[PDB]
Amino acid sequence: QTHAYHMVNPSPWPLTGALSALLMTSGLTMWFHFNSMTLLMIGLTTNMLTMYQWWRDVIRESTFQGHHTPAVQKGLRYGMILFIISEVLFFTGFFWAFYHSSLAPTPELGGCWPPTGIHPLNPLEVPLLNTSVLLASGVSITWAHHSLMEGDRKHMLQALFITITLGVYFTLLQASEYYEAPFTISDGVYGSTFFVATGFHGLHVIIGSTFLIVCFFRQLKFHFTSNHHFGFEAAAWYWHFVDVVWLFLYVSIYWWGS
Amino acid sequence: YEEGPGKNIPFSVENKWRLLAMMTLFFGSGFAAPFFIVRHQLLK
Amino acid sequence: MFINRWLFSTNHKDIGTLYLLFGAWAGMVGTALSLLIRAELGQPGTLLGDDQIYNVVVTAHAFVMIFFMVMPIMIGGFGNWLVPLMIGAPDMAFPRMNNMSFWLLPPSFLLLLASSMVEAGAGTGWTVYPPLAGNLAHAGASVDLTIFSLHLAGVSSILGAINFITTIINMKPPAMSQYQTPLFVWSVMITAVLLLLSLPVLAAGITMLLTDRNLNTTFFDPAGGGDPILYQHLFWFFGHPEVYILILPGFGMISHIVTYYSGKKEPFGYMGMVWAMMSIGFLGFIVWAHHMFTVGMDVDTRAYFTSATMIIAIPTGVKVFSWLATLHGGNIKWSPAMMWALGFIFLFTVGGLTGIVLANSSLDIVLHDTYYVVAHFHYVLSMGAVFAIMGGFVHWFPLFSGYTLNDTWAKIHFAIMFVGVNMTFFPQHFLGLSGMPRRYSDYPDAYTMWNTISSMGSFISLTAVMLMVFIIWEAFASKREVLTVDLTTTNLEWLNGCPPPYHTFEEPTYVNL
Amino acid sequence: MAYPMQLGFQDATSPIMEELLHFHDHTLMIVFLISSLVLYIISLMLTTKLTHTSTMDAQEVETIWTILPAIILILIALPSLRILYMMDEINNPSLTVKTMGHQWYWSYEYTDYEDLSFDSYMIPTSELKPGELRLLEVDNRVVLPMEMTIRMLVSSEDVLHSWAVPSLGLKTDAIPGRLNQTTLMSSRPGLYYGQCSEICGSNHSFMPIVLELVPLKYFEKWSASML
Amino acid sequence: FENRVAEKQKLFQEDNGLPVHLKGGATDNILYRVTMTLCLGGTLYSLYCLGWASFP
Amino acid sequence: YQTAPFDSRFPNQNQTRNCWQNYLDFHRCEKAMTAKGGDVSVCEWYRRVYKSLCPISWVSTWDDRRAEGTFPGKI
Amino acid sequence: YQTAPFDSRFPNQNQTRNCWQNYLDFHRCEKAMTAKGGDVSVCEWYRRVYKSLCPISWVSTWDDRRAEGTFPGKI
Amino acid sequence: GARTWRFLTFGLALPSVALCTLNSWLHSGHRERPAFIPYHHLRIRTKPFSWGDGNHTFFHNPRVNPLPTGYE
Amino acid sequence: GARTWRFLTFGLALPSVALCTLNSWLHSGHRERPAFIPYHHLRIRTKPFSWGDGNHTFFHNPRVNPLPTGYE
Ligand code: HEA
Ligand code: HEA
Ligand SMILES: CCCCC/C=C/C/C=C/C/C=C/C/C=C\CCCC(=O)O[C@H](COC(=O)CCCCCCCCCCCCCCCCC)COP(=O)(O)OCCN
Ligand SMILES: CCCCC/C=C\C/C=C/C/C=C\C/C=C\CCCC(=O)O[C@H](COC(=O)CCCCCCCCCCCCCCCCC)COP(=O)(O)OCCN
Ligand SMILES: CCCCCC/C=C/CCCCCCCCCC(=O)O[C@H](COC(=O)CCCCCCCCCCCCCCC)COP(=O)(O)OC[C@@H](O)CO
Ligand SMILES: CCCCCC/C=C\CCCCCCCCCC(=O)O[C@H](COC(=O)CCCCCCCCCCCCCCC)COP(=O)(O)OC[C@@H](O)CO
Ligand SMILES: CCCCCCCCCCO[C@@H]1O[C@H](CO)[C@@H](O[C@H]2O[C@H](CO)[C@@H](O)[C@H](O)[C@H]2O)[C@H](O)[C@H]1O
Ligand SMILES: C[C@H](CCC(=O)O)[C@H]1CC[C@H]2[C@@H]3[C@H](O)C[C@@H]4C[C@H](O)CC[C@]4(C)[C@H]3C[C@H](O)[C@]12C
Ligand code: CUA
Ligand SMILES: [O-][O-]
Ligand SMILES: [Cu+2]
Ligand SMILES: [Mg+2]
Ligand code: NA
């Protein structure tokens, strides 16, 4: 070749990923209807195996084999931005459901929001702490980015460790919140919107935290250069996305919706 | 990998009658499936 | 070697071939379902059973034709084959992710065929509105399997959109601006932006339906303070963009076919065509509630959605007039592909115009949920999208295969299909105006003559589908190997021969400033 | 009702359906004209040995192609929106009737004074009286006064339905938890037929609507007889 | 820790004809066979479950 | 009284809140008149309007819930 | 009756809306009772509360504005 | 620079977290649970949950989450 | 590039202005003025205005702006 683009070796992971999607969906069906978790646990296992081997191969192709020329890196930048946009539009649907329900409360609710019998969480207690936690993690991940660009291994690792710690703290606070909440997912449209929107957000926090932990271990193994570290950039963009979705949840559901 | 006409496909065109059999099974299976699903639902 | 090449592909051409094979198979399924619909309606009375079995067939017909036939052929098939060749790129940006877009579709299709085999199927309409699609009126796994089918199809198209946008922005020759890319490439980029923004909203909505069915949420259940009409908003926020997704790549193929067979180097008013496609893509996001004129929205809302919907006629008319101006002064080659494209221009215009009729909320009160809507969308889908697919197929078959079709057979095929679709759908205008509802297994006696004629048309279309399979067999059976094609100076996809080598543009094109 | 070999709308029974007929005639003239012009221009492009294959300037013609359609759209939208606002105009109804959709029949409530309610089921084909219409007759018709403004309220006690009467220009979705309003005014006595217009399961094809329009005096006798 | 990237660059650039998913050695083969066995086996199991669920 | 007149508070096709408001207004008024021992004929307008507009099954469900102590509106 | 009890609708130092709401409630009730020709004595609780809480000059100004046709609250 | 972002991390962001942690750990005592009222818009059961006895939410807390029939 | 921002100017931005200009043109025409009511929170006069007779606002429109004493 006399172009800078990456011709990828034939790979089984697209097929194992597609089949993991079949096993997870057929598995959810078999769990909801036929009282069995077997297919679902196979599908979850093959999904994690697929993601592990696929992203391992991308590390092999880039850090170890040198296939990520500037043109390849530019493509991955577009790919990650477009992925984040699709995730923004997914959340938009849940915000639309929330505003629909809350702005026009039906007679079944008492014609009011919050509904009769719903005792919202105090937005000034754990939800405010969770807000300080994710905002603080946006500061620490920025410190990590600058440390990496300045060639500072120790301070990049410290800043990234602090970012991960804050992501874990948010997750444990939210788990505790969920258990303490006097309302459930079955408490009408209030519970439905609360748990499905914050629940998909919590999943993204766990995904984002996992991505940061991958970057931490890659940094420990010296994969990143001071100039070439797209996995770290992508994880940071994803992490800022997760923060911003939280700020919208906090203002919309916890504060305005209380 | 083999290149050129009749070589860039996951089916053989080496023999036109074997091909006719494969194409018949391929398009015929797809066309038949809804008739057999309807039969399946009616037999419940 | 066979498994490495066809199951583990990282090649844009082989993946395009898998998508064309998949879509051709899906088209046979969708055709069979269309014939069962028209067999039920072909004489007054009941043929199969009550509205449940009938609407399981109608629902599956729509999902198969949209998600498994049109989108895989146009975007996965022609898109993967032609886009990299038309920009001199060595493959797609994400050649391995591309393979997963493909392999998600057989599992998606399996989930839909499982929906129809368990319990009494999903007799919901392709819109899957609650509460009929909820866990009381559709108890059991069918609707959940439909939802999961749509999740897998959704992920396939979202990843494919990311791939096409990245490839088209990042992998052109450095001298080539976006305003030097072919219209088919523009049509795929814009379609991919519509998919990226619309499918996640559908995914949110059908996820809420899943949780209402299985986790005791009440998004759409008034008992919990939910609203069935919220589902409709979320569905149609996707569903209107979805019909522009179905036609835009078709517009791109038509621009290439009309230019090619008019003997022109270029389509008329290139920047107007780009403007028109971007305008249609944008307007397509602000019109969705024209699917909801009878649900009880405010009059000012209905006035807005009437007005915004009608605006789409302006950019659309620029494309139609630009295709006519491309023919203008041509040395016309009356190829089978040109016949499909000329049929497209006329029949798409008719269906577009019945769309403008329906845009009027006041008249829509009487036309909504009638066969007038069915007539509108089959002119634009079974005559627009399908004619663009058939024209593209007969034009590019020799590029993909290295073999020529028999042009006389392909003309016979066009003639049969033209009669069949017009006999099928033209009389459905009368059925609609006279008040025949959608999703009916049987009709009052007055509607017999036009249902009889419509059903006879569907059989003529079946005869064309059968002939098409023969015609493809005859080309592979006879092995007439392509030597040359004309107009390669303005049709780069042909310049590596027929078929092009597995790897093309290993040495990129030279383009200076 | 529809008659055999019908091409167009059922004869208008309400002033708003008359308005819609005139509006459709206007819009269909434009559809025919544009369809015909495009077919004619295709034939004109295809019927000459004369050629011009060099680059053509598009700017001048695209003014015509955007302005003329924009004018045509305004000429459709003006009468369209006039009728839209007419069908929303404040009127003072003299009667309110409710209909509730069910799988698979309609119930009617006349609760202005008395608590009158009843169910309205399709007459099976095997039970039709000679000369009665397959899939369209019901046991209990919606008795209403003619030449009077009536408020119909529509809801459902299960899944979506839609309450339609084409000859009166009416189609209002029946949504559980929601009370949708339309206005009904018949210019004539008689029987006016419609059919459920939202997919609602097994018997969606088989839950029709029949209005029986009678002079007020007969409506009052019928109401009094229901006590 | 010490920077051992050069030694991984040498392994993954060895001219041995292996595709990148197998180039780490025998452990790659084991993990591949585990993954594909679970995917193909699970898919066969899902078809069985369909056959069962398609009848009362 | 023939039927509920046009109400500029509820001018649109969705009349749900019209039925709800008149049902609440009737029962709030009837509680106030019973509370001082006043007279429920004062509440008659609200009674006619909600009886006219509200589905029988809505009135019957709301009535049952008021008796159960599960009515979610404030009376 | 000694004075206006605590009202959980108005738990803060700013009691302006408490005076206002009770003044509105009294005059709305009085209109409802005078209209059907019922008994204004059912309105007594609102009267006692607004007289307890509301400055004399506020009540006097509001009464003048109702007589003038310039009172901006809905009665 | 890295120095500035570290200064913000330790001088502003973590102090904020510490203050919100103190605020939370001062309002952390159990609220008094409200009388059970069997409202028809709450404790929704259209299908049994796919775990336990079908009637307990996934993160059911006996102290504050009543069943359809009331507190356990 | 300039080319793209000109395309947006003529292809999206000015068409939007043309459409909103049409919208405004159609909904123009004098709405009927409401009954004068001498509300004490309106037509405030704590000090004469420093122009005209002290009692007319700066862009006083006799058709729709009553004085404290009503329409002129
Ligand atoms: C692309 C979309 C599409 C296509 C092509 C069609 C094609 C057809 N449809 Fe349609 N149909 C829908 C989408 C489509 N349909 C949708 C969305 C609904 C509404 C569902 C609902 O109400 O919920 C619907 C509903 C619908 C109804 C109304 C059902 C009712 O309300 O009760 C009827 C009635 O006749 C009908 C009939 C047909 C017929 C006879 C064809 C025939 O014209 C088909 C003939 C065959 C073909 C056109 C060829 C197909 C194959 C290919 C193109 C592959 C070619 C191969 C290669 C290129 C290799 N369909
Ligand atoms: C490819 C698919 C496709 C395309 C491109 C379109 C294009 C359009 N559609 Fe359609 N539509 C469907 C597929 C499509 N539609 C489907 C599947 C449904 C049913 C969904 C369901 O309920 O299942 C549907 C339903 C639907 C409805 C809802 C009706 C109802 O359910 O009651 C409406 C309402 O406005 C609508 C309008 C339009 C309009 C205005 C266009 C415009 O984009 C058309 C513009 C084109 C032209 C106008 C012709 C070319 C222009 C000229 C030659 C210039 C001059 C013209 C004028 C001056 C008018 N369509
Ligand atoms: C702690 C931080 C956040 C943790 C996140 C959640 C943990 C477990 C599950 C993870 C997946 C989350 C995604 C969102 C899905 C739905 C519900 C999750 C929210 C949650 O955890 O909500 C809980 C309920 O969970 C339930 O029902 C059980 C949920 C388990 C089964 C859910 C199955 C549904 C899966 C839907 C998949 C759709 C995927 C879409 C892909 C789109 C592609 C186009 C709330 O507990 P509760 O007792 O009602 O109230 C508390 C009372 N003390
Ligand atoms: C199209 C908009 C352009 C605005 C031009 C109009 C007038 C002059 C200058 C305006 C400057 C902007 C704000 C100043 C305050 C008030 C004017 C507000 C805008 C206006 O023009 O308001 C008009 C009133 O103008 C009046 O009183 C006019 C009063 C004129 C005297 C202005 C007093 C200046 C105030 C001092 C400025 C202080 C600056 C602070 C600097 C900060 C430094 C730290 C409205 O007319 P009307 O008849 O009441 O109602 C319409 C009925 N048909
Ligand atoms: C256990 C917890 C349960 C939860 C399970 C669900 C999934 C969790 C997954 C967490 C994601 C981990 C992603 C790891 C990616 C590692 C590979 C990587 O980062 O690859 C980098 C490229 O980026 C790239 O492909 C970018 C690749 C971006 C991937 C984006 C990931 C977001 C994934 C979302 C998953 C779906 C969520 C949807 C929910 C509805 C490699 O290039 P560089 O970094 O420049 O290095 C090269 C230099 O060394 C040269 O000097
Ligand atoms: C109800 C349950 C249904 C769930 C269905 C789940 C569906 C499928 C199972 C998912 C299996 C995923 C396995 C990992 C996929 C990784 C893709 C990836 O990371 O793709 C990358 C490109 O996309 C990019 O960057 C940026 C994009 C990264 C996308 C990551 C994949 C996410 C998959 C879920 C999508 C969620 C959609 C959310 C929006 C609604 C790399 O592209 P390749 O072509 O590989 O290599 C190119 C070489 O140059 C690299 O060296
Ligand atoms: C490498 C690919 C992997 C191969 C696939 C492995 C196949 C697993 C075989 C076991 O199958 C299971 O059998 C269980 C019992 O034998 C079922 O229990 C369920 O069904 C029981 C029926 O007795 C009920 O008690 C309960 O619903 C529940 O325990 C369960 O559904 C089912 O999965
Ligand atoms: C061992 C390594 C030395 C740098 C190098 O390998 O050259 C140092 C540098 C940064 C250190 C990490 C960071 O200081 C952040 C964390 C601090 C915690 O107290 C221990 C774990 C923690 C995650 C540290 C582990 C270990 O001591 C690290 C990883
Ligand atoms: Cu009731 Cu359709
Ligand atoms: O959707 O038209
Ligand atoms: Cu639409
Ligand atoms: Mg409808
Ligand atoms: Na039938």
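State yes or no: is residue E:37 outside any loop (DSSP other than H, G, I, E, B), facing chain A (nearest Cβ under 7 Å) and under 21 Å from residue A:28 (Cα atoms)?
So residue E:37 does not fit the description; no.
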Under 9 Å by Cβ, and 6 or more places apart or on different chains, what pairs join a residue from region C:456-475 that is under 15 Å from residue C:32 (Cα atoms) with one that is outside any helix (DSSP H, G or I) and more than 16 Å from ligand 6 (Cβ to nearest atom)? C:456/C:42; C:457/C:426; C:457/C:427; C:458/C:42; C:459/C:42
State whether the residues of region C:235-254 include one that is within 14 Å of chain D (Cβ to nearest Cβ), surrounded by 22 or more Cβ atoms within 10 Å (Cβ to Cβ) and either within 16 Å of ligand 6 (Cβ to nearest atom) or acidic (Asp, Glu) (or both). yes
Does residue C:242 satisfy the criteria of being away from ligand 7 (no atom under 16 Å from the Cβ), assigned to a helix (DSSP H, G or I) and in contact with a helix residue (DSSP H, G or I) (Cβ under 7 Å, 6 or more places away or on another chain)? yes
Could we say that residue A:67 is more than 10 Å from chain C (Cβ to nearest Cβ), away from ligand 11 (no atom under 16 Å from the Cβ), touching a helix residue (DSSP H, G or I) at 6+ places or on another chain (Cβ under 6 Å) and within 23 Å of residue C:13 (Cβ to Cβ) here? yes
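For (1) out of contact with any helix residue (DSSP H, G or I) (no Cβ under 6 Å at 6 or more places or on another chain); (2) within 11 Å of chain C (Cβ to nearest Cβ); (3) in contact (Cβ under 8 Å) with a residue 12 or more places away in the chain, each residue gets a yes or a no:
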{"site": "D:176", "(1), (2), (3)": "no, yes, yes"}
{"site": "D:182", "(1), (2), (3)": "yes, yes, yes"}
{"site": "D:197", "(1), (2), (3)": "yes, yes, yes"}
{"site": "D:208", "(1), (2), (3)": "yes, yes, yes"}
{"site": "D:215", "(1), (2), (3)": "yes, no, yes"}
{"site": "D:226", "(1), (2), (3)": "yes, no, yes"}
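Looking at region C:312-366 only, could you name the residues that are aromatic (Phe, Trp, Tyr) and more than 7 Å from chain D (Cβ to nearest Cβ)?
Passing the criteria: C:323, C:334, C:340, C:344, C:348.
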Kindly indicate whether any position in region A:182-190 is surrounded by fewer than 23 Cβ atoms within 10 Å (Cβ to Cβ), more than 28 Å from residue H:61 (Cβ to Cβ) and either among the hydroxyl-bearing types (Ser, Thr, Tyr) or touching a residue at least 40 places away in the same chain (Cβ under 8 Å) (or both). no
Within region A:36-87, can you find the residues that are of a type in the set (S, T, N, Q) and within 23 Å of residue A:225 (Cβ to Cβ)? A:62, A:63, A:65, A:69, A:73
Tell me the residue from C:267, C:228, C:222, C:249 that is within 19 Å of the chain's Cα centre (by Cα) and not charged (D, E, K, R), please. C:249
Anything in region D:104-131 that is touching a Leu at 6+ places or on another chain (Cβ under 9 Å) and of a type outside the set (D, E, K, R)? List them, or say none. D:108, D:110, D:111, D:116, D:122, D:123, D:125
Filter region C:59-95 down to residues that are surrounded by fewer than 24 Cβ atoms within 10 Å (Cβ to Cβ) and either of a type in the set (S, T, N, Q) or in contact with a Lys or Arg (Cβ under 8 Å, 6 or more places away or on another chain) (or both), then give me how many there are. 3
Quick check: anything in region I:27-41 within 14 Å of chain C (Cβ to nearest Cβ) and either away from ligand 2 (no atom under 16 Å from the Cβ) or of a type in the set (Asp, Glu) (or both)? yes
Give region F:16-75 a look and list any residue that's assigned to a loop (DSSP other than H, G, I, E, B), farther than 23 Å from residue D:118 by Cα, out of contact with any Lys or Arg (no Cβ under 6 Å at 6 or more places or on another chain) and within 14 Å of chain A (Cβ to nearest Cβ), or say none. F:69, F:70, F:72, F:73, F:74
Can you confirm whether residue D:188 is buried (at least 18 other Cβ atoms within 10 Å of the Cβ), of a type in the set (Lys, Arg) and touching a residue at least 12 places away in the same chain (Cβ under 8 Å)? no
Subset of region C:263-281 that is out of contact with any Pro (no Cβ under 9 Å at 6 or more places or on another chain) and of a type in the set (A, V, I, L, M, F, W, C) - its residue that is nearest to residue C:361 (Cα to Cα): C:274
Tell me which residues, restricted to region D:1-34, are of a type in the set (S, T, N, Q), in contact with a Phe, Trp or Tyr (Cβ under 8 Å, 6 or more places away or on another chain) and either in contact (Cβ under 8 Å) with a residue 60 or more places away in the chain or in a helix (DSSP H, G or I) (or both). D:13
Exactly one of these conditions fails for residue D:172: (1) within 11 Å of chain C (Cβ to nearest Cβ); (2) touching a residue at least 24 places away in the same chain (Cβ under 8 Å); (3) of a type in the set (S, T, N, Q). Give me its number. (2)
Which condition number does residue C:501 fail, the rest of (1) facing chain B (nearest Cβ under 9 Å); (2) surrounded by fewer than 16 Cβ atoms within 10 Å (Cβ to Cβ); (3) within 30 Å of residue C:34 (Cβ to Cβ) being met? (3)
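Quick check on region C:437-459. Is at least one of its residues assigned to a helix (DSSP H, G or I) and in contact with a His (Cβ under 6 Å, 6 or more places away or on another chain)? So that I can check it myself, show each step before the final result.
Taking region C:437-459 as the starting set, the residues that turn out to be assigned to a helix (DSSP H, G or I) are C:445-459.
Filter once more, keeping what is in contact with a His (Cβ under 6 Å, 6 or more places away or on another chain): none.
No, region C:437-459 contains no residue that is assigned to a helix (DSSP H, G or I) and in contact with a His (Cβ under 6 Å, 6 or more places away or on another chain).
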Scanning region A:29-40 for residues that are more than 7 Å from every other protein chain (Cβ to nearest Cβ) and part of a helix (DSSP H, G or I), the one surrounded by the most Cβ atoms within 10 Å (Cβ to Cβ) turns out to be A:40
Looking only at region D:90-117, filter to residues that are in a loop (DSSP other than H, G, I, E, B) and touching a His at 6+ places or on another chain (Cβ under 9 Å); which one of those is surrounded by the most Cβ atoms within 10 Å (Cβ to Cβ)? D:104
Please indicate, with yes or no, whether at least one residue in region B:32-41 is part of a helix (DSSP H, G or I), of a type in the set (A, V, I, L, M, F, W, C) and under 18 Å from residue C:23 (Cα atoms). yes
Which numbered condition in (1) within 16 Å of ligand 11 (Cβ to nearest atom); (2) buried (at least 24 other Cβ atoms within 10 Å of the Cβ) is the only one that residue C:121 fails? (1)
Counted residues in region A:217-236 being within 12 Å of chain E (Cβ to nearest Cβ), part of a helix (DSSP H, G or I) and either within 16 Å of ligand 1 (Cβ to nearest atom) or in contact (Cβ under 8 Å) with a residue 12 or more places away in the chain (or both) come to 3
Quick one: count up the residues across region A:1-27 that are within 23 Å of the chain's Cα centre (by Cα), under 21 Å from residue C:119 (Cβ atoms) and facing another protein chain (nearest Cβ under 7 Å). 2
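Virtual Cβ from ideal backbone geometry, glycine too; neighbours counted across all protein chains shown. Each value in this text was obtained by applying a stated rule to the coordinates, not by laboratory testing.
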